Each structure stands twice: as C-alpha cells, then as structure tokens.
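> Here it is, the structure in full.
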Amino acid sequence: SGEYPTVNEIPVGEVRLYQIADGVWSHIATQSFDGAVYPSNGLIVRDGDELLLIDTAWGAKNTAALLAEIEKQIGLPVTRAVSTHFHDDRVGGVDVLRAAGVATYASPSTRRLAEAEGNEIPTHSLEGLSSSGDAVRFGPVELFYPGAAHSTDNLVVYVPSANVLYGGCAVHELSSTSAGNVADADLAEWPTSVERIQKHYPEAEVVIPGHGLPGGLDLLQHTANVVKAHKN
Ligand SMILES: COc1cc(-c2c(C(=O)O)[nH]c3c([C@H](C)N4C[C@]5(C[C@@H](CN)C5)OC4=O)cccc23)ccn1
Ligand SMILES: [Zn+2]
Ligand SMILES: [Zn+2]
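The sequence shown begins at 407 in the working numbering and counts up by one.
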C-alpha cells in the first residue's frame, strides 16, 4: 500500500513495481539461494514509447512475472535490457527476455564471467566501459563503470532526467550492517570505487541499492563504511 516492498511481503515468484520518479520505476522480486530468501531490485526507465530494463528479476519465472507486471502497470514494451554484473540476480532471466523479443546487453567483462560460471549470457557487448571512470549513454541512462566493488564487472546506472542513481550491488541499503554476498568482491578497491561514484554523481537525489530500500546520497558513504568495517 505505498511503502517500498520488503522481503517478507513478496512471495517468491511475484514481482512488484515501485514508482521512483517520472518515467522511473524499480522492480522488486524475491528468490531463494542456499536456503535463505532474499529480495532484489532492478530498474525500469521510460524510453519514449518503449522501456529500458536494468537487471532481471533473479530467475526465469520471476523474470516472466516481471514482464507480465510491466504489461499490467505500464503497458509499454520492454525493448532492451542491461545487466549490471554477471550474477544470477542480474542475468538470471536473460533467456526469458531474449525469447520475449528483448535485446539483452552487458559489458564484455560481464559476458565473459557469466559464460565462465554457467550463468545466462546477454547477447550484446557494451564497449567503452572497461576502465574505471568510463561512462557511455544508453537510451535515457548513463552507464558508469566505477571499478571493482561487489564484483569486478559491476556497473552503475544514472537517469539524468530524474537524478536517479541505481547503484546495483555495489551499493547497500542503510539498514545493512553487513556487506552482503562478498564471494566475488574486491573489499580493498570497493571504497575507492564508491568514491568515484560519489565524485561523478554529486547531484543524485535517489540512490537505489541492488537489494533493499532506496534512499539518498548517504547510501554511498554508508556502503563505504560497511565494506571497510567488514574488511576490518
Ligand atoms: C544478508 O545477506 C545479504 C546477501 C545479499 C546478496 C547479494 C548482494 O550482496 O549483492 N547477492 C546475493 C546472491 C547472488 C546471486 N550471488 C551469489 C554469489 C555468486 C557466488 C558463487 N560462489 C555467490 O554471489 C552473489 O552475489 C545470492 C544470495 C544473497 C545475495 C544482499 C544482502 N544481504
Ligand atoms: Zn552479485
Ligand atoms: Zn546482488
């Protein structure tokens, strides 16, 4: 009923959308992994009379449910999707998208990592993102590679029309004391990568983490703090 939807409020398999700003929504779904249930976010950005999707809903059936929820709530076609790193919460569902006519994109680094690890593989390579600080335009967003953080390939997404910063899994929510799933992370470089984000997007109004509640710019400093303390 209007609050940001939370893990115990979303059964696995259902998807909810949340309006962030004009022409910007997040998508929220839940999935089981290693015997625990987690929420995860993605983004939807209006691209004229089409939609740009950022990240899958973490699995094939969740991603099919995402497409149905978009058709119900928004009713514009998803034409392109970008995955912001190689993990299943970002690419699991790419096969569903591709069979639904959506053109799927990721950096070459993400594509290689997904292929190596047996995750679903976006079709199209996003060049111009291989050096930290790189940025490219993609429809109504800017894609930015901040450096290694949660993963070596993680991208962030900025919506300039709305000053919305989608940090993906490189950014954690304010209630997190913990740095989430660090299996593929670079804890040493992560604060430097966050500082690059902070420098590049000083006018961000909304910051969306890969998992959990959106907030403001404080999510960035909080993330750096939690990562440093984890390493400590
Ligand atoms: C309190 O626990 C958490 C956990 C997370 C969390 C995050 C995140 O932090 O982005 N990602 C998760 C994943 C994803 C799919 N995978 C799995 C994997 C690849 C490795 C293979 N050996 C392990 O690594 C990774 O990230 C699964 C389960 C939970 C999370 C967020 C917040 N709180
Ligand atoms: Zn991840
Ligand atoms: Zn994640």
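Each residue gets a CB set at the ideal place from its N, CA and C atoms; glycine is no exception.
In the DSSP assignment, find the alpha helix (DSSP H) that holds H606 and state where it starts and stops.
In the sequence shown, the residue the question calls residue 606 occupies position 200. Residues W596 to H606.
> Taking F492 as the reference, give the member of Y564, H606, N468 and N560 with the closest Cα.
For the purposes of this step, residue 492 is taken as residue 86 along the sequence shown, with counting starting at 1. Each of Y564, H606, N468 and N560 was checked against the Cα of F492, and the nearest Cα belongs to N560.
> Report the partner residues of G448 according to the DSSP bridge assignment.
The sequence position of residue 448 within the sequence shown is 42, counting from 1. According to DSSP, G448 bridges with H433.
> Taking the alpha helix (DSSP H) that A466 belongs to, which residues open and close that run?
Residue 466 sits at position 60 when you count from the first residue of the sequence shown. Note, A466: alpha helix (DSSP H), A466 to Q479.
> Cβ of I603 within 7 angstroms of Cβ of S432?
For the purposes of this step, residue 603 is taken as residue 197 along the sequence shown, with counting starting at 1. For the purposes of this step, residue 432 is taken as residue 26 along the sequence shown, with counting starting at 1. Cβ distance not < 7 angstroms, so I603 and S432 don't count as in contact.
> Can you tell me which of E415, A427 and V421 puts its alpha carbon nearest to the alpha carbon of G621?
The residue you call residue 621 lines up with position 215 of the sequence shown. If we check each option's Cα against that of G621, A427 comes out closest.
> Could you compute how far the alpha carbon of residue 652 sits from the alpha carbon of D494?
Here the chain has residues from 407 to 638 only, and residue 652 is not among them.
> Which value, in whole angstroms, describes the spacing of the CA atoms of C575 and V612?
For this step, residue 575 is matched to residue 169 along the sequence shown. For this step, residue 612 is matched to residue 206 along the sequence shown. One C-alpha to the other measures close to 15 angstroms.
> In terms of alpha-carbon separation, which member of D592, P411 and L626 lies closest to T558?
Looking up residue 558 in the sequence shown gives position 152. A check of alpha carbon separations from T558 across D592, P411 and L626 identifies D592 as the nearest.
> So what does DSSP say about residue 393, is it helix, strand or coil?
With the chain running from 407 to 638 in the structure shown, residue 393 is simply not present.
> Can you say whether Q437 is buried or exposed, counting buried as having 16 or more other CB atoms within 10 angstroms of its CB?
In the sequence shown, the residue the question calls residue 437 occupies position 31. Buried is the call here.
> Are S515 and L532 touching if we call contact CB-CB under 7 angstroms?
Here residue 515 refers to the residue found at position 109 of the sequence shown. Here residue 532 refers to the residue found at position 126 of the sequence shown. In this structure, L532 does not lie closer than 7 angstroms to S515 by Cβ.
> Closer than 6 angstroms between the C-beta and any heavy atom of ligand 1: which residues qualify, listed along the chain?
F439, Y444, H493, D494, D495, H556, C575, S584, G586, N587, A589, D590, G616 and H617
> Helix, strand or coil: which one does DSSP assign to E609?
For the purposes of this step, residue 609 is identified with residue 203 of the sequence shown, where counting begins at 1. DSSP places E609 in coil when its eight states are reduced to three.
> One question on the structure: do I460 and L449 come within less than 7 angstroms of each other, judged by their Cβ atoms?
On the sequence shown, position 54 is the one that residue 460 refers to. On the sequence shown, position 43 is the one that residue 449 refers to. Closer than 7 angstroms, so yes.
> If the criterion is Cβ atoms closer than 7 angstroms, does the pair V484 and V508 meet it?
On the sequence shown, residue 484 is found 78 positions in, with the first residue counted as 1. On the sequence shown, residue 508 is found 102 positions in, with the first residue counted as 1. With respect to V508, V484 sits close: the two C-beta atoms are nearer than 7 angstroms.
> Specify the secondary structure class of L549 as computed by DSSP and reduced to three states.
Numbered from its first residue, the sequence shown carries residue 549 at position 143. Strand, per DSSP.
> Would you mind giving the Cβ-Cβ distance between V562 and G573, rounded to the nearest angstrom? I have them listed as a contact below 8 angstroms.
Here residue 562 corresponds to residue number 156 of the sequence shown, with the count starting at 1. Here residue 573 corresponds to residue number 167 of the sequence shown, with the count starting at 1. With a Cβ gap of about 5 angstroms, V562 and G573 count as contacting.
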